[PDB]
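In PDB author numbering, the protein residues as written are 32 to 91.
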Amino acid sequence: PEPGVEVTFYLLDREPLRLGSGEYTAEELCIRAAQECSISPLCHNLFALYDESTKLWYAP
């Protein structure tokens, strides 16, 4: 609805990430999310981004 970027998490205990302006790559956002979800660096390799409305996974 409202303009902007909203990266959601399946854990309701964590606030969804918000962005307003800038240029970013997928890996940077993945790292930022992993910091919020307290994922160890050894296991962040298994995670990525996905879009429900388009059924497409972003490249790294």
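Each residue gets a CB set at the ideal place from its N, CA and C atoms; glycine is no exception.
Check the C-beta distance from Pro47 over to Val38 and give it rounded, since I have them as a contact under 8 Å.
Here residue 47 refers to the residue found at position 16 when the sequence shown is read from its first residue. Here residue 38 refers to the residue found at position 7 when the sequence shown is read from its first residue. At roughly 6 Å, the Cβ-Cβ gap stays under 8 Å, so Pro47 and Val38 are in contact.
Just the Cα atoms here: how many angstroms apart are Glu83 and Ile62?
Against the sequence shown, residue 83 aligns to sequence position 52. Against the sequence shown, residue 62 aligns to sequence position 31. The straight-line gap from Cα to Cα measures roughly 21 Å.
For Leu80 versus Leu60, is the C-beta spacing smaller than 8 Å?
Residue numbering aside, residue 80 sits at position 49 when the sequence shown is read from its first letter. Residue numbering aside, residue 60 sits at position 29 when the sequence shown is read from its first letter. Cβ atoms of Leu80 and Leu60: closer than 8 Å.
What does DSSP give as the partner residue(s) for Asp82 in the beta ladder?
For the purposes of this step, residue 82 is taken as the residue at position 51 of the sequence shown. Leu87.
Have a look at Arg49 and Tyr41 and give me their C-alpha separation to the nearest angstrom.
Here residue 49 refers to the residue found at position 18 of the sequence shown. Here residue 41 refers to the residue found at position 10 of the sequence shown. Roughly 15 Å separates the two Cα atoms.
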